[PDB]
Amino acid sequence: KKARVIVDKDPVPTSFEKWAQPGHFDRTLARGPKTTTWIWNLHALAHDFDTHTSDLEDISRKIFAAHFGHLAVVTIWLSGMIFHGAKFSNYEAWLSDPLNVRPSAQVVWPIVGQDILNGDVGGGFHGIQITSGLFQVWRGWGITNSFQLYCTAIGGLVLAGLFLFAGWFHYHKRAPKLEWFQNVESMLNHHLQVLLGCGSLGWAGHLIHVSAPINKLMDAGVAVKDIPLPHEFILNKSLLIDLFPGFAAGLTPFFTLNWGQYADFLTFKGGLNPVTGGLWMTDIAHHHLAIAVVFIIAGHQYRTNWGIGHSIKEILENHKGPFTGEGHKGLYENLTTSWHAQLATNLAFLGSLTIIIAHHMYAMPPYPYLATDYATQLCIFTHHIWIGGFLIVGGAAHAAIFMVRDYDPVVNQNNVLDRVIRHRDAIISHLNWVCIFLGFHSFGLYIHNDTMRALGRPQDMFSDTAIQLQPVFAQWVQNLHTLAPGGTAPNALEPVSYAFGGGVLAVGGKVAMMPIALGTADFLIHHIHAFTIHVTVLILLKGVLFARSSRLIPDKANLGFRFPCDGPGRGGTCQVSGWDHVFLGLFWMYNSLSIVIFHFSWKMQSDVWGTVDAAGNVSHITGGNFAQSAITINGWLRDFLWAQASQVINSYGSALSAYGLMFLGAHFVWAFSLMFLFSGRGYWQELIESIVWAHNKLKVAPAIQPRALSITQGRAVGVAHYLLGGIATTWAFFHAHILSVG
Amino acid sequence: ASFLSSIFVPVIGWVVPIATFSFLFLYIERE
Amino acid sequence: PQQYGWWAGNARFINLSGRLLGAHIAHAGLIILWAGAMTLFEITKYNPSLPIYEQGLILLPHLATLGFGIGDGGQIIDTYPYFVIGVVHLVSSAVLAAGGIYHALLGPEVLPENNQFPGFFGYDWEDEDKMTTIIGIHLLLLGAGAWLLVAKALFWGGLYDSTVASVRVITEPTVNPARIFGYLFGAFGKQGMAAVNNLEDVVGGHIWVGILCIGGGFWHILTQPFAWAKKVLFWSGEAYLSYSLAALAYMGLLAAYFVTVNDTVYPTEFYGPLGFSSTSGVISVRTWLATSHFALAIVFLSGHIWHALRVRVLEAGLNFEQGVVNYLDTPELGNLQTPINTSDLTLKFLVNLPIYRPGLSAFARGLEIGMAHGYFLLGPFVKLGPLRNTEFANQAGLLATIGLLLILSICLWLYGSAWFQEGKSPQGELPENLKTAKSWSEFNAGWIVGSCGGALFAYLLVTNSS
Amino acid sequence: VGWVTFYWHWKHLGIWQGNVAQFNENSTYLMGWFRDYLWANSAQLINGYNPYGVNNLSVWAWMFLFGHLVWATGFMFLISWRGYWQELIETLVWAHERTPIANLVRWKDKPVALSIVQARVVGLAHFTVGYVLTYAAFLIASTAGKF
Ligand code: CLA
Ligand code: CLA
Ligand code: CLA
Ligand SMILES: CC1=C(/C=C/C(C)=C/C=C/C(C)=C/C=C/C=C(C)/C=C/C=C(C)/C=C/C2=C(C)CCCC2(C)C)C(C)(C)CCC1
Ligand SMILES: CC1=C(/C=C/C(C)=C/C=C/C(C)=C/C=C/C=C(C)/C=C/C=C(C)/C=C/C2=C(C)CCCC2(C)C)C(C)(C)CCC1
Ligand SMILES: CC1=C(C/C=C(\C)CCC[C@H](C)CCC[C@H](C)CCCC(C)C)C(=O)c2ccccc2C1=O
Ligand code: SF4
């Protein structure tokens with residue numbers, strides 16, 4: 001049927017009544033607290049909308065309104081970052097001197113001696129040095145003064161206001177019906193063509209008209225005050241012609257397919273701008289133009305109201321083959337009747353995308369004066385890897401929640417989903433094996449090496465100077481990408497990244513990017529990554545495939561998604577639920593990504609980053625110790641953790657002291673987590689009994705009876721403090737180190 | 001006498017474990 | 001026929017002989033057109049100043065190596081031989097084009113089978129004799145073609161030689177079998193058949209190939225296929241196509257390796273420097289030929305697999321609707337039927353392993369298993385041990401191997417001792433003759449003797465690599 | 001006993017080096033312990049072996065890492081509980097039975113995940129063994145290194 005706007009008017013009357021009725025949304029919670037378990041359950045169930053109401057339409061409306069809420073808080077945050085840039089930063093000083101001045105946009109108040117944290121960051125400014133790369137973003141945007149940031153910040157607060165109103169309006173006042181929400185073809189069309197396509201075209205516009213000219217003048221060493229305001233490039237064409245002659249041709253070459261007339265401001269240079277060590281704005285312009293066209297074309301695929309276009313259901317139903325029975329039949333119903341099926345997908349692939357972004361942004365630094373800002377480089381890579389890893393585990397969680405709650409046998413009979421359930425023992429047994437194989441033939445090589453080195457047998461080690469394990473395939477791919485410009489990418493001048501090959505590119509004294517040579521230490525660490533990813537997948541996939549049932553618990557779907565166990569019987573059934581697989585996958589996600597960011601940190605500091613002599617000799621931050629040290633655990637303990645922790649532990653009485661405190665604080669929160677993970681509810685409830693006795697004895701026993709946390713909450717609190725403590729430790733470590741050496 | 005190390009350490013390392021694990025395996029599986 | 005859609009439209013005349021014939025002559029014509037027309041295309045833009053390898057001319061190098069209008073130092077002096085060759089193909093294309101369109105739709109849909117001379121050309125996919133005779137008939141013309149190259153190399157001028165950079169006439173061809181077939185056994189170099197470094201071995205090779213093809217030519221036309229061939233191969237029309245695709249894929253990779261490493265049969269003055277080389281930004285002819293025919297070999301291997309797997313599915317009596325994944329006739333059993341665990345190849349192979357093979361005594365099973373495992377277990381101990389880079393590398397490795405095999409012999413004795421406890425037979429998929437305590441002792445005795453022997457044999461071969 | 005032995009050792013290290021000041025001024029904040037005791041006195045221990053060669057503390061350097069490994073292994077048994085493992089072992093039992101040559105051999109005792117109590121025993125053992133060997137290595141290497 002036809003995609004159309006159809007809403008109910010005034011579905012939910014706006015009133016503070018329910019604000020004064022905590023747990024109104026759940027029938028069980030509505031009765032009120034009897035024990036302290038109620039207080040936890042309130043927060044635990046708050047956003048679990050499927051348990052509020054059965055009605056999919058009411059759930060869809062709650063989700064749509066909540067999203068306007070989350071867009072509002074993210075816009076408040078982004079507006080705040082830009083406002084702090086406008087008011088409490090050395091952005092204007094940093095523009096004048098990017099190489100010397102250190103980016104800072106957080107000033108601490110003088111109280112209890114914490115003003116020490118306002119260090120000398122350059123540009124006659126005292127504040128906390130920021131590692132979020134906002135200054136490099138704003139320079140890329142072509143922002144050259146505090147007033148432009150103020151305008152952008154205020155604009156953001158108005159957009160955050162609009163997003164709040166939208167969320168209130170689209171819930172309380174004009175709530176779309178389920179019909180509206182289930183127009184997946186129209187949504188994909190509008191999100192591909194407008195959100196991504198027109199967003200990318202719009203941005204190409206800004207790049208071509210504002211960013212490229214302003215950045216070109218700044219790279220030509222023109223003073224920030226002397227550079228014309230971005231509107232002067234539109235109003236005064238002559239200024240723009242002088243930088244990019246192609247604008248002389250006007251818009252006729254676009255309409256007459258004489259596109260070579262724009263070859264000066266729409267380039268395919270490759271490599272990096274040698275002044276800034278970032279990607280060329282003219283390459284970025286052409287990228288966003290090319291992206292925009294491909295998206296606007298792509299988003300005319302799905303049939304809406306005019307017959308032309310694909311129906312996704314028919315595409316899915318037609319993709320079946322002799323191994324997969326009914327193939328992708330019934331998956332359209334899964335993805336259009338379950339929000340959890342969509343959230344699973346979108347978290348899995350947005351998480352995977354965020355990790356791709358992490359890799360692509362370090363190797364091809366897109367912003368001016370990012371590549372040489374080693375603190376920003378390390379921090380944005382690590383940040384986006386972490387966000388990626390959490391989102392992926394979220395994908396798996398909501399995949400398991402779908403399997404328990406929203407999976408229908410009738411819809412999903414002899415389809416790809418049904419058939420994976422029927423060989424899940426074959427999937428998990430094989431994945432179990434490949435995990436053990438990778439574990440032995442990746443980690444076991446480190447243990448072999450540690451032992452050989454310890455026994456004074458370096459000739460018997462797995463190393464470049466001993467038994468070599470050269471990553472020949474990755475080495476071969478690096479070569480192909482290095483030979484690409486002029487060859488298999490004829491109209492490229494440089495490679496996409498200097499990481500693949502070409503020359504050392506240097507900005508100031510420092511290496512922006514150079515070839516990242518792969519050897520035995522790179523082969524070993526890559527097979528550690530493969531191992532730690534395959535084990536995380538084993539846990540999460542086992543979680544999703546065995547969420548509904550197993551050979552142990554046939555009726556696991558009836559027990560639900562999040563239950564602690566089915567009792568000490570059958571030998572003991574602790575942590576069989578899909579929730580408990582997510583819990584265990586988080587530790588393995590944490591273990592996996594920890595080694596990824598450690599790999600990145602050490603490899604970049606030893607083999608890429610460093611100073612460049614006038615002659616052209618590169619002196620690396622840790623002097624290429626990775627090749628010989630990163631092949632033993634002792635080498636990681638000594639030359640990475642021990643060596644590079646010197647800055648964080650020696651930070652007291654300086655501007656980095658905060659990272660020293662965060663480092664210990666995080667070690668504490670991590671250790672605190674072991675209380676929750678190693679212990680059980682039974683002990684704590686019995687201890688609370690005695691404490692409750694003493695409160696009873698003095699007539700201070702609370703009406704809301706104290707209870708030990710639930711078995712599940714114990715685990716949830718455990719893994720929360722473990723991840724917080726562990727990640728925060730590395731965060732403090734990375735900052736204190738890279739803000740000293742980088 | 002130092003040569004005894006070349007006899008005893010391999011015996012305690014291999015012969016004794018094999019003999020002990022072989023017997024204990026045959027004992028725990030005896031019906 | 002009618003079940004196939006337009007996309008798979010050429011599959012409609014698998015069982016129709018006339019259309020299938022008409023298609024083959026038509027595609028022959030297309031290859032001839034290209035060969036002829038692109039020869040003229042390359043002649044039209046030959047600059048005699050610049051080298052051939054960095055112009056992007058592919059066929060003129062192939063005509064150049066045969067020694068068609070070249071002086072001294074591999075210099076193209078006359079281009080009339082390239083023109084006469086170009087036009088000969090280009091006209092032959094038009095004759096084969098005519099033959100193609102006739103047999104396509106104007107001719108009969110099925111070639112008739114009868115005792116008359118037109119009846120001979122008619123064939124059926126089931127009658128194995130007629131295809132075997134066709135194999136031999138076209139083999140005589142492969143032999144003929146190889147002898148025509150020899151005649152060109154010996155009598156009609158000769159072939160270009162990169163040693164002296166001149167078109168020398170060949171007089172003394174290498175008719176030594178030990179030398180020519182040595183290339184197949186990797187005797188004269190690591191590169192094998194692509195390690196030829198003189199025209200004397202090239203002409204000698206094409207003599208041997210010539211007589212083998214003609215010899216096989218007479219064999220196949222005068223002999224029907226024996227009972228062992230009747231069982232091991234598939235006999236549908238698509239089975240023959242899948243075999244031919246496997247050959248084409250092998251030949252494509254062979255030539256792709258040849259052009260990459262070999263410089264004698266592909267002179268550097270015509271094709272360019274060895275490996276993958278680009279002069280002044282321009283990619284060399286060698287790189288184009290090497291990388292294209294490598295990619296086409298990977299594609300034609302994908303073609304073999306596709307057409308071979310389709311034959312194997314159809315001959316098993318399975319359709320592509322119900323698929324290739326079934327249940328064990330008792331659905332509530334654990335395993336599923338898959339082409340990995342239930343395929344006739346898998347079952348025949350597993351059944352015929354010494355552990356399961358009928359008519360082997362308990363000892364003979366152990367002995368064969370021992371010999372196999374004992375043999376391969378030497379490698380790791382010899383080549384990666386602590387004494388690997390000493391004179392005692394092989395001896396150390398052998399003592400290690402014997403060591404491991406003795407612990408594995410104890411493991412067997414323990415396993416047997418645990419299970420064989422007065423009557424109660426061991427669980428697991430055993431053969432009927434390993435379900436007694438004495439049979440298991442014989443099996444362990446077999447393993448020991450076999451494994452020690454297998455190790456000793458590998459050691460004798462490793463230490464006598466000379 | 002960690003707090004007791006750390007205290008005993010760091011106070012004595014100061015007394016033995018004739019540098020009681022170090023303990024006296026730095027022991028009042030936990031960064032002092034972290035830096036001046038753990039970090040500072042790990043220096044020689046972790047160089048027991050390195051790319052440049054080995055010394056007599058190589059065995060303590062290796063035992064130090066062994067302790068760290070055995071401790072960490074204990075966390076597995078203490079954090080991940082039985083139901084996860086019993087469901088995993090069920091698939092391994094399936095795979096063995098269905099593997100064509102391996103299914104020749106059969107277990108006498110049915111493979112099962114360790115009991116709830118056994119896991120706490122095994123977990124606590126790995127944790128303890130890890131704790132003792134890690135500190136024994138550090139205590140001996142750091143003192144014997146200086147003296
Ligand atoms: C250092 C700490 C540690 C170690 C060593 C392990 C080890 C393992 N975990 Mg565990 N895990 C841990 C912490 C650890 N975990 C923690 C803290 C948690 C709580 C979140 C978990 C939760 C968990 C889950 C949820 C899962 C695992 C799984 C695994 C196994 C993965 C397969 C593999 O790599 O086998 C290879 C073995 C190793 C890498 C261990 C070291 C091997 C040495 C170097 C070789 C042997 C030397 C020698 C022969 C020793 C014997 C000789 C001697 C007797 C004389 C592996 C046995 C997974 C699994 O079982 O799938 C297969 C799985 O799904 N773990
Ligand atoms: C506890 C005592 C112990 C002792 C005494 C040994 C002794 C040895 N081991 Mg070590 N090893 C041990 C425990 C022990 N192992 C444990 C627990 C592990 C697991 C962590 C290992 C893991 C290990 C590896 C991975 C390797 C060794 C190797 C060696 C040999 C190295 C010497 C050499 O270079 O000459 C060369 C010596 C030989 C080539 C072998 C000599 C003859 C053998 C020992 C027996 C011959 C048959 C015997 C008469 C009867 C059957 C065997 C048995 C039932 C006695 C040496 C024999 C290396 C080796 O050479 O393996 C074979 C080797 O690669 N060991
Ligand atoms: C876990 C991975 C791992 C690997 C790959 C190695 C590898 C090695 N070790 Mg080290 N080692 C390790 C962990 C590892 N180690 C650990 C955890 C320790 C304890 C700290 C040691 C302690 C140690 C010592 C003390 C010594 C070694 C030595 C060695 C070398 C010789 C060992 C040997 O001869 O075994 C022989 C191996 C086999 C017989 C098994 C081979 C497995 C085959 C190839 C699998 C084939 C499967 C096949 C492909 C699939 C089916 C085929 C199909 C056709 C059916 C070798 C390079 C020795 C050396 O001298 O160093 C150079 C040595 O003295 N290791
Ligand atoms: C940063 C920020 C901000 C801002 C932003 C902005 C300012 C934006 C804008 C945007 C824009 C400003 C965009 C636009 C765009 C546009 C477009 C997208 C267009 C398109 C067009 C087209 C598509 C065309 C078509 C056509 C026609 C019409 C005719 C002819 C043909 C053609 C086809 C050419 C704020 C404040 C919010 C806050 C936060 C941050
Ligand atoms: C690829 C493939 C395959 C294959 C592979 C393999 C398996 C390999 C290996 C191989 C091997 C594994 C081989 C072996 C061999 C062995 C031998 C060759 C032996 C020998 C022995 C001997 C001869 C001995 C002798 C003796 C004795 C017994 C006793 C006394 C002394 C003496 C010395 C006399 C299969 C079929 C699976 C499947 C399909 C695919
Ligand atoms: C320590 C621990 C407890 C005990 C912890 C409990 C009961 C949490 C209680 C802590 C909160 C912070 C109490 C908050 C009480 C009041 C709300 C505070 C009011 C005063 C403020 C306004 C300042 C468990 O219940 C438990 C359960 C299952 C597995 C492991 C464990 C576990 O390790
Ligand atoms: S120990 Fe806890 S999780 Fe395990 S069975 Fe008992 S109550 Fe359930």
# chains A, B, ... in the order shown; residues from 1 in each chain; ligands from 1
>>> residues_around(residues="residue 315 of chain C", least_positions_apart="6", cutoff="12 Å", atoms="only C-alpha atoms", output="PyMOL selection string")
chain C and resi 233-239+308-309+343-344
>>> closest_atom_pairs(of="chain B", to="chain D", cutoff="12 Å", atoms="only C-alpha atoms", output="JSON lines")
{"residue": "B:25", "atom": "CA", "partner": "D:108", "partner_atom": "CA", "distance": 10.7}
{"residue": "B:26", "atom": "CA", "partner": "D:108", "partner_atom": "CA", "distance": 11.2}
{"residue": "B:28", "atom": "CA", "partner": "D:109", "partner_atom": "CA", "distance": 9.8}
{"residue": "B:29", "atom": "CA", "partner": "D:108", "partner_atom": "CA", "distance": 7.2}
{"residue": "B:30", "atom": "CA", "partner": "D:108", "partner_atom": "CA", "distance": 10.3}
{"residue": "B:31", "atom": "CA", "partner": "D:108", "partner_atom": "CA", "distance": 10.7}
>>> residues_near_ligand(ligand="ligand 2", cutoff="9 Å", atoms="only C-alpha atoms and all ligand atoms", output="count of residues only")
35
>>> atom_distance(atom1="atom CA of residue 119 of chain D", atom2="atom CA of residue 75 of chain D")
10.4 Å
>>> residues_near_ligand(ligand="ligand 4", cutoff="7 Å", atoms="only C-alpha atoms and all ligand atoms", output="PyMOL selection string")
chain A and resi 75+78-79+152-153+155-156+159+198-199+201-203
>>> write_last_selection(atoms="C-alpha atoms", output="mmCIF file, in the first residue's frame")
data_model
loop_
_atom_site.group_PDB
_atom_site.id
_atom_site.type_symbol
_atom_site.label_atom_id
_atom_site.label_comp_id
_atom_site.auth_asym_id
_atom_site.auth_seq_id
_atom_site.Cartn_x
_atom_site.Cartn_y
_atom_site.Cartn_z
ATOM 1 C CA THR A 75 22.935 18.315 20.343
ATOM 2 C CA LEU A 78 27.891 19.085 20.676
ATOM 3 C CA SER A 79 26.655 22.705 21.337
ATOM 4 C CA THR A 152 27.202 27.502 15.879
ATOM 5 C CA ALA A 153 26.767 26.791 19.664
ATOM 6 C CA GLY A 155 22.313 27.301 16.601
ATOM 7 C CA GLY A 156 22.885 23.935 18.346
ATOM 8 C CA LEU A 159 18.282 22.583 17.358
ATOM 9 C CA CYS A 198 21.674 15.605 0.528
ATOM 10 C CA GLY A 199 23.749 15.852 3.761
ATOM 11 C CA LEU A 201 25.838 17.125 -1.225
ATOM 12 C CA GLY A 202 25.209 19.970 1.282
ATOM 13 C CA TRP A 203 28.606 19.281 2.932
#
>>> select_by_dssp(residues="segment 460-607 of chain A", states="alpha helix (DSSP H)", output="JSON, numbers by chain")
{"A": [472, 473, 474, 475, 476, 477, 478, 479, 480, 481, 482, 483, 520, 521, 522, 523, 524, 525, 526, 527, 528, 529, 530, 531, 532, 533, 534, 535, 536, 537, 538, 539, 540, 541, 542, 543, 544, 545, 556, 557, 558, 559, 578, 579, 580, 581, 582, 583, 584, 585, 586, 587, 588, 589, 590, 591, 592, 593, 594, 595, 596, 597, 598, 599, 600, 601, 602, 603, 604, 605, 606, 607]}
>>> residues_near_ligand(ligand="ligand 3", cutoff="8 Å", atoms="only C-alpha atoms and all ligand atoms", output="PyMOL selection string")
(chain A and resi 439-452+459-462+467) or (chain C and resi 377-388+397+401+404)
>>> residues_around(residues="segment 567-583 of chain A", least_positions_apart="2", cutoff="6 Å", atoms="only C-alpha atoms", output="list in words")
residues 397, 400, 539, 540, 543, 547, 561, 562, 564, 565, 585 and 586 of chain A; 81, 82, 83, 84 and 115 of chain D
>>> interface_residues(of="chain C", to="chain B", cutoff="9 Å", atoms="only C-alpha atoms", output="ChimeraX atom specification")
/C:407,410-411,414-415,417-419,421
>>> closest_residue(among="A:488, A:611, A:236, A:592", to="chain C", atoms="only C-alpha atoms")
A:488
>>> interface_residues(of="chain C", to="chain A", cutoff="12 Å", atoms="only C-alpha atoms", output="PyMOL selection string")
chain C and resi 276-284+287-288+309-310+313-314+318-327+331-339+383-389
>>> decode(residues="segment 9-29 of chain B", atoms="C-alpha atoms", output="PDB file, in the first residue's frame")
ATOM      1  CA  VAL B   9      65.389 -35.647  36.620  1.00  0.00           C
ATOM      2  CA  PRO B  10      64.171 -37.447  33.418  1.00  0.00           C
ATOM      3  CA  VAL B  11      62.716 -40.326  35.583  1.00  0.00           C
ATOM      4  CA  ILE B  12      60.814 -37.835  37.874  1.00  0.00           C
ATOM      5  CA  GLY B  13      59.879 -35.869  34.673  1.00  0.00           C
ATOM      6  CA  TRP B  14      58.631 -38.725  32.386  1.00  0.00           C
ATOM      7  CA  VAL B  15      58.907 -42.309  33.802  1.00  0.00           C
ATOM      8  CA  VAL B  16      57.199 -41.479  37.186  1.00  0.00           C
ATOM      9  CA  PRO B  17      54.342 -39.371  35.640  1.00  0.00           C
ATOM     10  CA  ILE B  18      53.675 -41.971  32.827  1.00  0.00           C
ATOM     11  CA  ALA B  19      53.758 -44.882  35.382  1.00  0.00           C
ATOM     12  CA  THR B  20      51.577 -42.899  37.906  1.00  0.00           C
ATOM     13  CA  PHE B  21      49.046 -41.508  35.318  1.00  0.00           C
ATOM     14  CA  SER B  22      48.906 -44.932  33.507  1.00  0.00           C
ATOM     15  CA  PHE B  23      48.130 -46.790  36.813  1.00  0.00           C
ATOM     16  CA  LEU B  24      45.726 -44.099  38.190  1.00  0.00           C
ATOM     17  CA  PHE B  25      43.906 -44.023  34.770  1.00  0.00           C
ATOM     18  CA  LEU B  26      43.548 -47.868  34.842  1.00  0.00           C
ATOM     19  CA  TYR B  27      42.448 -47.677  38.546  1.00  0.00           C
ATOM     20  CA  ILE B  28      39.755 -44.924  38.099  1.00  0.00           C
ATOM     21  CA  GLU B  29      38.323 -46.796  35.002  1.00  0.00           C
TER      22      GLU B  29
END
